[PDB]
Amino acid sequence: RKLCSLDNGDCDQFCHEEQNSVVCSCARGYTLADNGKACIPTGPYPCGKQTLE
């Protein structure tokens, strides 16, 4: 368990080992946070989120 195999590489979503080392990315409607790991919703109803309101 190295990069993406070790806890998804610490990414919130997509994880890819780009020439060794991890590179996270997000689904459409999300924007990779400053940390290059978390995924921030671009709008009110982002995909994959259960609605609380």
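Following Swiss-Prot, chain A shows residues 126-178, kept in their order.
Header says: X-ray crystallography, 2.4 Å.
Each Cβ is built from the backbone N, Cα and C atoms, and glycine gets one as well.
The disulfide bond annotation in Swiss-Prot covers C129-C140 (among others). Neighbour list (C140 (disulfide bond), Cβ cut-off 8 Å, at least 6 residues apart, same chain): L128, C129, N133, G134, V147, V148, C149.
For the recorded site, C149 (disulfide bond), the DSSP three-state label reads strand. Residues or ranges marked as disulfide bond by Swiss-Prot: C136-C149 (among others).
What Swiss-Prot records for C151-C164 (among others) is disulfide bond. In the shown protein chains, 21 other C-beta atoms lie within 10 A of the C-beta of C151 (disulfide bond).
The number of other CB atoms found within 10 A of the CB of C129 (disulfide bond), across every protein chain shown, is 18. Cβ environment of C164 (disulfide bond): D137, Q138, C149, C151, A152, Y155, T156, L157, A158 lie under 8 Å away, each six or more residues apart in the same chain.
Listed in sequence order, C129, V147, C149, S150, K162 are the same-chain residues at least 6 apart in sequence whose CB falls under 8 Å from the CB of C136 (disulfide bond).
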